[PDB]
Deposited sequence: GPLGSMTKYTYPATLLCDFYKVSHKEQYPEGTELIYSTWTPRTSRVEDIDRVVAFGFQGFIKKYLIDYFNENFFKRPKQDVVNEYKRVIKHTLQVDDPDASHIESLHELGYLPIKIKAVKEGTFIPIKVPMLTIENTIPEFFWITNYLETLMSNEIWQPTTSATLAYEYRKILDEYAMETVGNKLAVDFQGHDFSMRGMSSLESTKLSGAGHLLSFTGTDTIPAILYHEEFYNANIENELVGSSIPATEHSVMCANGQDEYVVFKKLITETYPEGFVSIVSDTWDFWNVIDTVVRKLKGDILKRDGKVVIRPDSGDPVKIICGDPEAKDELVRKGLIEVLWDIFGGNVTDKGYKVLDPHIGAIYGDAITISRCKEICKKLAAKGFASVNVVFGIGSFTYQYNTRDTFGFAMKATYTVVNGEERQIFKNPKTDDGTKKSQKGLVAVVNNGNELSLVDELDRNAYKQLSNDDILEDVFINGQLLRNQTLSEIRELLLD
């Protein structure tokens, strides 16, 4: 028997108790979603992403399938059972649940900026309110769930963009175009995300900035919620790649192993071969070097993947190593063997038959450092592909960018009031102010209606209706152009 988590209990327990605590005559509760701070250096804007997936998944699909379409008695019973046995209330009140189910839709209105927009720290990006006085309580009820579902997709998108930002600049600095950047950020993180759902949301954020990923469910997530179709557009893509357990199973005859892989198993196209199973630098000096003709013969690219050592020292060289190959580093050594071309900016790019990827403990600062030292050696940034892992995408909180749902506005017996402690007060809008986006708050309903044409927040969901349906392609256009 399939277990249904009631749509009316996807919250903190105390959310259930707030309805009775509001003042009598409360008709409206209005709350905003804001990144209040940044804990990541050089990042003062966040990449708005994730509202549509949450709205389609939970407010439309989940509530319709598991609440509104079901018998009224069943949703009432499921709510009463949990309240009765967890709050020790002998006879829980569910008349409001009855009334919501009889209404037949969620009486809320959600506005949000376009997904893909850069939002400065301390500028709200989404608002939610109730559209019928009787359900003043619904807004606050949903807050927990919304926060639970939308802070990770934005965080990942933002972090992903930072890599992208670095990689774009260096590309323009060292190549003069960014054509290779889409594949330079490669999601490796799925095994280290905390759940398949978190995997999907984080990986979708990654796919806003890059097309390279190993997180298959992220590609399909964009198919499910952002109208993507892999048959018509590059959502994500990846390459055949070996792994340490397979490398160890095949044995120590690394010449024959590599030769079989690149001449027989993958005679053409891309193939990534992890090379540090037994001795990395020996593999470069003795296997790859001996395979030069075969590598140059394939219509494709053999990508070398180290998976240990210091990323910067392995890629760019260790200046204090006695050994020449260790001193030079992978990119220079592969250049020495295979050569390549010179870009319009005077930088060296590897011959397209050989390549490099590094995906162990990659961080934003290490990506920046690798690009910087490579450029100092005359090598373009596009010579390395960065495997961006769970250290980047999992190791955050919702306070990494200071996100919070805050009630800022309420109507009680027709009286407008501002909600705060001691920050945003009253109704809010975000307007183009010169070349920046600016918060406007302390608005009453009249002033807010006046500003509506200038508010870059758009109606996204009212009363069960989806009002805006963005595509992955549209969001990528907004973000990167």
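Where C-alpha coordinates are absent, the deposited sequence of this PDB chain has the segments 1-6, 429-437.
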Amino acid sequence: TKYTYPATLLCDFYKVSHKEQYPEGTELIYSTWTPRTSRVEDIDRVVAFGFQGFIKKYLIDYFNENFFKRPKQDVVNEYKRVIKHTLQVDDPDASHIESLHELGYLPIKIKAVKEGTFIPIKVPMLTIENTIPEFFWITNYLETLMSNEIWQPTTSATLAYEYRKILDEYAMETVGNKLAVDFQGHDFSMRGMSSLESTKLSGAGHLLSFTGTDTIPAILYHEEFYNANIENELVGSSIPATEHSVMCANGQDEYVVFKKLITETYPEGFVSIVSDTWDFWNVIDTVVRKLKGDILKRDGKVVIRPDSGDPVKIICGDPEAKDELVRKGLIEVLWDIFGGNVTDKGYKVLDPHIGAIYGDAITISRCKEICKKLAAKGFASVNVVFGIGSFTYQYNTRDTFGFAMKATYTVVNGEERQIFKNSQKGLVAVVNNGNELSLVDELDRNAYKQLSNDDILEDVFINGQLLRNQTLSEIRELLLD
From here on, numbers count along this sequence of modelled residues.
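According to the PDB record, 435-443 carries the higher mean C-alpha B-factor of the two stretches 31-39 and 435-443. Here the stretch with the larger average CA B-factor, out of 6-14 and 21-29, is 21-29. Highest CA B-factor among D168, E197, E320, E115, as stated in the entry: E320. Note on the listed residues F386, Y266, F403, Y79: the highest Cα temperature factor in the record is that of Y266. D91: CA B factor in the highest third of modelled residues in this chain (values from the PDB entry).
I475 sits in the lowest third of its chain by CA B factor, as recorded in the PDB entry. In the deposited entry, the Cα temperature factor of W335 places it in the highest third of its chain's modelled residues.
Among the modelled residues of its chain, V181 has a C-alpha B-factor that falls in the middle third according to the deposited record. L296: CA B factor lies in the highest third for its chain, per the PDB record.
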